[PDB]
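Working notes, structure below.
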């Protein structure tokens, strides 16, 4: 009796996250006041199994 | 089948004009091939403007 078992498993994972925050605030002597902010978050995940 | 000749192990009747050699040989061959593939892609984009 003979038995031969060959098993090959492969996994790849790539996760890329980018976060950009830009804020600007100007405050004069209680006459002009402007505050703005922008947030951009992008997360991408890719998995490959064999 | 005048003499009702029987095989030595007693499992079949052979006629007088024949003789059996018990070459009881079994050959089994089982082959199994399994290919599996898994792919998952996840993207999440979040944008905030205040």
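With ideal geometry, Cβ positions are generated from the backbone for all residues, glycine too; neighbour counts draw on all protein chains shown. A short reminder: the numbers here are calculations on the coordinates, not readings from a lab.
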Under the classification rounded if a/c is under 1.5, otherwise prolate if a/b is larger than b/c and oblate if not, where does chain A fall, given a ≥ b ≥ c as square roots of the Cα gyration tensor eigenvalues?
-> prolate
Remind me, relative contact order of chain B in percent, using alpha carbon pairs under 8 angstrom and six or more residues apart?
-> 21
What nm value, rounded to one decimal, do you get for the distance between residue B:39 and residue B:27 when each label is placed 7 Å out toward the C-beta?
-> 4.2
Using the Cα gyration tensor of the protein assembly as shown, with a ≥ b ≥ c the square roots of its eigenvalues, what is the shape: rounded (a/c below 1.5), prolate (a/b larger than b/c) or oblate (neither)?
-> prolate
Counting only other chains, what is the mean number of Cβ atoms within 10 angstrom of the Cβ of each residue in peptide A:43-50?
-> 5
Average partner chain C-beta neighbours within 10 Å, per residue of B:33-44?
-> 4
By the C-alpha gyration tensor axes a ≥ b ≥ c (rounded if a/c is under 1.5, else prolate when a/b exceeds b/c, else oblate), the shape of chain B is prolate
Give the peptides A:26-32, A:4-10, A:38-44 in descending order of average Cβ contacts within 10 Å, highest first.
-> A:38-44, A:26-32, A:4-10
